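Trainee: Handing you this structure, nothing more for now.
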Amino acid sequence: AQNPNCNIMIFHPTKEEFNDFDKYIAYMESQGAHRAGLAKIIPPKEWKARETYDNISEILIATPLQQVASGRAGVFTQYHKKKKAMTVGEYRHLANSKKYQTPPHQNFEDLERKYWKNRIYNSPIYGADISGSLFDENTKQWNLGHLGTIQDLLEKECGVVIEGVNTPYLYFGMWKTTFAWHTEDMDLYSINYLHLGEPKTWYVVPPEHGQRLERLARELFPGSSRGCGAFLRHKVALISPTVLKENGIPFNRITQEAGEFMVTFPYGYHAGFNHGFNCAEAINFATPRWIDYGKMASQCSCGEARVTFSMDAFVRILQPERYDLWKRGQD
Ligand SMILES: O=C(O)CNC(=O)C(=O)O
Ligand SMILES: [Mg+2]
Ligand code: NI
Ligand SMILES: [Zn+2]
């Protein structure tokens, strides 16, 4: 069995190996990459996402989210308070202000310590979940706006034609902006490209141990657990690496820098934070190996998780018994 300790693997494809996306994902899995839940891919040195980022400041963040924390430093929830629209140029200036900028630090480890110690005492503003792409249309390799769609994968594997579309999303981050512990909708893959700016630190639980994290989360967030049998789908709970270690939960960590891709694998729980002003782009995708995970994925039916149009068909075809109750949640 490849990668039995479920370590995060880092890949360096050549320009020739960068042509066929599906084939390279299948290669990484042949080496055990999926067992970690997360892999890093460093693009060939010849590749570029686009020529420059000099002209992005007029993108609108229509609903910036202020991430307000509750709890203790290592075990907290966050809620998202909607703020007035601002441009990317306005947001970058805000990120760089004395109130919100990254503090002085020695290295990534010192910054990680400061994040866990101090996150809860601040409310950073995240420009998340913005439909759009920063890949140049002429970039032919690993262009997240040109991937094969999940609807087409389901059709190729299972023969059923379904409605829905699959497009990327932009994330504009600042110091302390946070992504809570989650897997993807329908336990899909995700791919994330850090276009510019400061790094993003990731934490991940191997898929084979995902239920250990769920059981800890039910203990740590007991009212949330009673409210919903899949409350990590709400994407609100944080648990520190210190707490995870104290409770014996297997995980790994890695820092993504500008110019690098990360891939999350089906049912790989992940969480993390931004080091400073940055812009990432991400999209979900599927492979043949996903289908069985999609069939088994938990669902939030309490009504909180409220998700895309395209998830309807996935539930309806892969999870027909759940369909009824899940749609009551969505309506
Ligand atoms: O970058 C973020 O805020 C969150 N991204 C993801 O969870 C992902 O790419 O799967
Ligand atoms: Mg612009
Ligand atoms: Ni994710
Ligand atoms: Zn729920």
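Ordering of the structure tokens sets the chain letters (A, B, ...), residue numbers begin anew at 1 in every chain, and ligands are numbered from 1 in the order given.
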Write out as a PyMOL selection string all residues of stretch 25-258 of chain A that DSSP puts in alpha helix (DSSP H) for this structure's backbone.

Mentor: chain A and resi 25-30+88-95+108-118+150-158+210-220+222-227+241-246

Trainee: Could you list, as a compact mmCIF listing (two decimals) with C-alpha atoms, in the first residue's frame, all the residues within 6 Å of ligand 4, counting only C-alpha atoms and all ligand atoms?

Mentor:
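Result written to part31.txt:
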```
# COMPACT_ATOMS: atom_id res chain seq x y z
CA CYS A 228 -27.79 18.29 13.11
CA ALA A 230 -23.85 16.51 9.87
CA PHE A 231 -23.10 19.85 11.39
CA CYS A 300 -27.15 18.38 6.42
CA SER A 301 -30.98 18.30 6.35
CA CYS A 302 -31.48 20.84 9.33
CA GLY A 303 -31.52 23.64 6.84
CA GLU A 304 -28.34 25.45 7.79
CA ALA A 305 -25.92 24.22 5.10
```

Trainee: Residues within 7 Å of ligand 2 (only C-alpha atoms and all ligand atoms), as a list in words?

Mentor: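 Written in the requested form, the residues are residues 55, 56, 57, 58 and 59 of chain A.
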
Trainee: Kindly export the residues of the current selection with N, CA, C and O atoms, as a CSV table (one decimal), in the first residue's frame.

Mentor:
```
chain,number,residue,atom,x,y,z
A,55,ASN,N,-4.2,44.3,-13.0
A,55,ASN,CA,-5.4,44.9,-13.3
A,55,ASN,C,-6.7,44.3,-12.6
A,55,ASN,O,-7.8,44.3,-13.2
A,56,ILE,N,-6.4,43.8,-11.3
A,56,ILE,CA,-7.5,43.1,-10.6
A,56,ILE,C,-8.3,43.9,-9.6
A,56,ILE,O,-9.3,43.5,-8.9
A,57,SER,N,-7.9,45.2,-9.4
A,57,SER,CA,-8.5,45.9,-8.3
A,57,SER,C,-9.9,46.3,-8.4
A,57,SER,O,-10.5,46.7,-7.5
A,58,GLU,N,-10.4,46.2,-9.7
A,58,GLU,CA,-11.8,46.6,-9.8
A,58,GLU,C,-12.8,45.5,-9.8
A,58,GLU,O,-14.1,45.7,-9.9
A,59,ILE,N,-12.3,44.2,-9.5
A,59,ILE,CA,-13.2,43.1,-9.1
A,59,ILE,C,-14.0,43.6,-7.9
A,59,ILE,O,-13.5,44.2,-7.0
```

Trainee: Would you mind telling me which residue in A:296, A:310, A:201, A:262 lies nearest to residue A:109 when using only C-alpha atoms?

Mentor: A:201

Trainee: Quick one: contact table of chain A to ligand 3, 9 Å max, nearest atom pair and distance in Å to one decimal per residue, counting only C-alpha atoms and all ligand atoms, chain and number order, as a tab-separated table?

Mentor:
```
residue	atom	partner	partner_atom_place_in_ligand_line	distance
A:179	CA	ligand 3	1 (Ni)	7.9
A:180	CA	ligand 3	1 (Ni)	8.8
A:181	CA	ligand 3	1 (Ni)	8.5
A:182	CA	ligand 3	1 (Ni)	6.5
A:183	CA	ligand 3	1 (Ni)	6.0
A:184	CA	ligand 3	1 (Ni)	5.4
A:185	CA	ligand 3	1 (Ni)	8.6
A:189	CA	ligand 3	1 (Ni)	8.3
A:190	CA	ligand 3	1 (Ni)	6.2
A:191	CA	ligand 3	1 (Ni)	8.4
A:192	CA	ligand 3	1 (Ni)	8.5
A:264	CA	ligand 3	1 (Ni)	7.1
A:268	CA	ligand 3	1 (Ni)	8.9
A:269	CA	ligand 3	1 (Ni)	8.0
A:270	CA	ligand 3	1 (Ni)	6.5
A:271	CA	ligand 3	1 (Ni)	7.7
A:282	CA	ligand 3	1 (Ni)	8.4
A:283	CA	ligand 3	1 (Ni)	8.9
A:284	CA	ligand 3	1 (Ni)	8.5
```

Trainee: Let's have the selection written as a PDB file, in the first residue's frame, with N, CA, C and O atoms.

Mentor:
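The resulting file, result36.pdb, is shown below:
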```
ATOM      1  N   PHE A 179     -10.800  29.148   7.212  1.00  0.00           N
ATOM      2  CA  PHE A 179     -11.728  28.156   6.670  1.00  0.00           C
ATOM      3  C   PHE A 179     -11.890  27.052   7.730  1.00  0.00           C
ATOM      4  O   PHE A 179     -10.945  26.449   8.216  1.00  0.00           O
ATOM      5  N   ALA A 180     -13.152  26.805   8.146  1.00  0.00           N
ATOM      6  CA  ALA A 180     -13.494  25.861   9.126  1.00  0.00           C
ATOM      7  C   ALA A 180     -13.360  24.432   8.642  1.00  0.00           C
ATOM      8  O   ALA A 180     -13.340  24.175   7.430  1.00  0.00           O
ATOM      9  N   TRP A 181     -13.337  23.493   9.597  1.00  0.00           N
ATOM     10  CA  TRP A 181     -13.231  22.067   9.292  1.00  0.00           C
ATOM     11  C   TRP A 181     -14.381  21.596   8.452  1.00  0.00           C
ATOM     12  O   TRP A 181     -15.529  21.725   8.836  1.00  0.00           O
ATOM     13  N   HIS A 182     -14.063  21.032   7.276  1.00  0.00           N
ATOM     14  CA  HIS A 182     -15.124  20.530   6.355  1.00  0.00           C
ATOM     15  C   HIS A 182     -14.514  19.532   5.388  1.00  0.00           C
ATOM     16  O   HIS A 182     -13.305  19.522   5.076  1.00  0.00           O
ATOM     17  N   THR A 183     -15.425  18.743   4.773  1.00  0.00           N
ATOM     18  CA  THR A 183     -15.157  18.132   3.473  1.00  0.00           C
ATOM     19  C   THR A 183     -15.955  18.884   2.402  1.00  0.00           C
ATOM     20  O   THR A 183     -16.819  19.704   2.719  1.00  0.00           O
ATOM     21  N   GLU A 184     -15.737  18.567   1.156  1.00  0.00           N
ATOM     22  CA  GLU A 184     -16.466  19.229   0.102  1.00  0.00           C
ATOM     23  C   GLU A 184     -17.908  18.743   0.010  1.00  0.00           C
ATOM     24  O   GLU A 184     -18.217  17.667   0.468  1.00  0.00           O
ATOM     25  N   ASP A 185     -18.726  19.581  -0.658  1.00  0.00           N
ATOM     26  CA  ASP A 185     -20.095  19.101  -0.962  1.00  0.00           C
ATOM     27  C   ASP A 185     -20.015  17.705  -1.643  1.00  0.00           C
ATOM     28  O   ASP A 185     -19.192  17.502  -2.531  1.00  0.00           O
ATOM     29  N   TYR A 189     -13.733  16.128  -4.788  1.00  0.00           N
ATOM     30  CA  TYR A 189     -12.394  16.737  -4.707  1.00  0.00           C
ATOM     31  C   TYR A 189     -12.530  18.221  -4.747  1.00  0.00           C
ATOM     32  O   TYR A 189     -13.544  18.783  -5.255  1.00  0.00           O
ATOM     33  N   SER A 190     -11.467  18.913  -4.312  1.00  0.00           N
ATOM     34  CA  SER A 190     -11.327  20.319  -4.665  1.00  0.00           C
ATOM     35  C   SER A 190      -9.924  20.571  -5.199  1.00  0.00           C
ATOM     36  O   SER A 190      -8.999  19.831  -4.838  1.00  0.00           O
ATOM     37  N   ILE A 191      -9.761  21.590  -6.007  1.00  0.00           N
ATOM     38  CA  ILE A 191      -8.457  22.080  -6.385  1.00  0.00           C
ATOM     39  C   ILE A 191      -8.409  23.570  -6.153  1.00  0.00           C
ATOM     40  O   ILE A 191      -9.391  24.287  -6.451  1.00  0.00           O
ATOM     41  N   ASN A 192      -7.325  24.046  -5.590  1.00  0.00           N
ATOM     42  CA  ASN A 192      -7.157  25.425  -5.176  1.00  0.00           C
ATOM     43  C   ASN A 192      -5.844  25.959  -5.662  1.00  0.00           C
ATOM     44  O   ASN A 192      -4.781  25.340  -5.374  1.00  0.00           O
ATOM     45  N   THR A 264      -7.566  18.728  -2.590  1.00  0.00           N
ATOM     46  CA  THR A 264      -8.158  17.942  -1.536  1.00  0.00           C
ATOM     47  C   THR A 264      -8.918  16.760  -2.154  1.00  0.00           C
ATOM     48  O   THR A 264      -9.506  16.841  -3.262  1.00  0.00           O
ATOM     49  N   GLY A 268     -11.596  14.096   2.641  1.00  0.00           N
ATOM     50  CA  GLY A 268     -10.451  14.671   3.384  1.00  0.00           C
ATOM     51  C   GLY A 268     -10.847  15.955   4.077  1.00  0.00           C
ATOM     52  O   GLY A 268     -10.937  17.014   3.442  1.00  0.00           O
ATOM     53  N   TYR A 269     -11.115  15.842   5.366  1.00  0.00           N
ATOM     54  CA  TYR A 269     -11.453  17.043   6.189  1.00  0.00           C
ATOM     55  C   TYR A 269     -10.301  18.007   6.176  1.00  0.00           C
ATOM     56  O   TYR A 269      -9.150  17.577   6.396  1.00  0.00           O
ATOM     57  N   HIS A 270     -10.523  19.280   5.970  1.00  0.00           N
ATOM     58  CA  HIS A 270      -9.513  20.308   5.961  1.00  0.00           C
ATOM     59  C   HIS A 270     -10.005  21.589   6.610  1.00  0.00           C
ATOM     60  O   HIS A 270     -11.201  21.868   6.614  1.00  0.00           O
ATOM     61  N   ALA A 271      -9.029  22.420   7.070  1.00  0.00           N
ATOM     62  CA  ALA A 271      -9.268  23.702   7.732  1.00  0.00           C
ATOM     63  C   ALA A 271      -8.002  24.493   7.555  1.00  0.00           C
ATOM     64  O   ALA A 271      -6.934  23.907   7.217  1.00  0.00           O
ATOM     65  N   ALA A 282     -10.695  28.340  -6.594  1.00  0.00           N
ATOM     66  CA  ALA A 282     -10.897  26.943  -6.348  1.00  0.00           C
ATOM     67  C   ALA A 282     -12.163  26.463  -7.020  1.00  0.00           C
ATOM     68  O   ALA A 282     -13.086  27.256  -7.304  1.00  0.00           O
ATOM     69  N   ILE A 283     -12.240  25.154  -7.254  1.00  0.00           N
ATOM     70  CA  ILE A 283     -13.376  24.530  -7.871  1.00  0.00           C
ATOM     71  C   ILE A 283     -13.420  23.106  -7.398  1.00  0.00           C
ATOM     72  O   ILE A 283     -12.385  22.465  -7.122  1.00  0.00           O
ATOM     73  N   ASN A 284     -14.634  22.553  -7.328  1.00  0.00           N
ATOM     74  CA  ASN A 284     -14.780  21.120  -7.129  1.00  0.00           C
ATOM     75  C   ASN A 284     -14.629  20.344  -8.435  1.00  0.00           C
ATOM     76  O   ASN A 284     -15.004  20.824  -9.494  1.00  0.00           O
TER      77      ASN A 284
END
```

Trainee: Find the residue from A:6, A:317, A:162, A:33 that sits nearest to residue A:265; use only C-alpha atoms when measuring.

Mentor: A:33

Trainee: Skip residue A:239 itself and residues of its chain fewer than 5 positions away, then list as a list in words all residues within 7 Å of it, counting only C-alpha atoms.

Mentor: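 The contact residues come out as residues 74, 75, 76 and 244 of chain A.
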
Trainee: Quick one, how far is atom CA of residue A:171 from atom CA of residue A:255?

Mentor: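 Atom CA of residue A:255 lies at a distance of 16.6 Å from atom CA of residue A:171.
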
Trainee: Near residue A:144, counting only C-alpha atoms, which residues have an atom at most 12 Å away, once you skip same-chain residues fewer than 5 positions from it, shown as a PyMOL selection string?

Mentor: chain A and resi 21+49+132-137+139+149+166-170+190-195+261+263+280-285

Trainee: Nearest to ligand 1: which of A:250, A:210, A:227, A:199 is it, counting only C-alpha atoms and all ligand atoms?

Mentor: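 Smallest distance to ligand 1 is found for A:199.
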
Trainee: Report the distance between atom CA of residue A:87 and atom CA of residue A:143 in Å, rounded to one decimal place.

Mentor: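 Between these atoms lies a distance of 24.3 Å.
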
Trainee: Which one is closest to ligand 1: A:19, A:106, A:67, A:101? Count only C-alpha atoms and all ligand atoms.

Mentor: A:67

Trainee: Between atom CA of residue A:157 and atom CA of residue A:267, what distance in Å does the model show, to one decimal?

Mentor: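 Separating atom CA of residue A:157 from atom CA of residue A:267 is a distance of 19.6 Å.
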
Trainee: Do you know which residues are at most 7 Å from residue A:125 counting only C-alpha atoms, after dropping those on the same chain fewer than 4 positions away, and could you put them as a short mmCIF file (atom, residue, chain, number, x, y, z; two decimals) with N, CA and C atoms, in the first residue's frame?

Mentor:
```
data_model
loop_
_atom_site.label_atom_id
_atom_site.label_comp_id
_atom_site.auth_asym_id
_atom_site.auth_seq_id
_atom_site.Cartn_x
_atom_site.Cartn_y
_atom_site.Cartn_z
N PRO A 64 -18.57 41.04 1.43
CA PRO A 64 -17.48 40.64 2.36
C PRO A 64 -17.98 40.10 3.67
N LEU A 65 -17.31 39.10 4.24
CA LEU A 65 -17.81 38.40 5.47
C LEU A 65 -16.85 38.65 6.62
N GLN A 66 -17.39 39.23 7.71
CA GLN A 66 -16.58 39.46 8.95
C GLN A 66 -16.71 38.21 9.76
N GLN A 67 -15.62 37.55 10.10
CA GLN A 67 -15.62 36.25 10.70
C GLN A 67 -15.47 36.42 12.21
N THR A 177 -8.00 35.34 8.33
CA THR A 177 -9.20 34.76 7.70
C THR A 177 -9.05 33.24 7.71
#
```
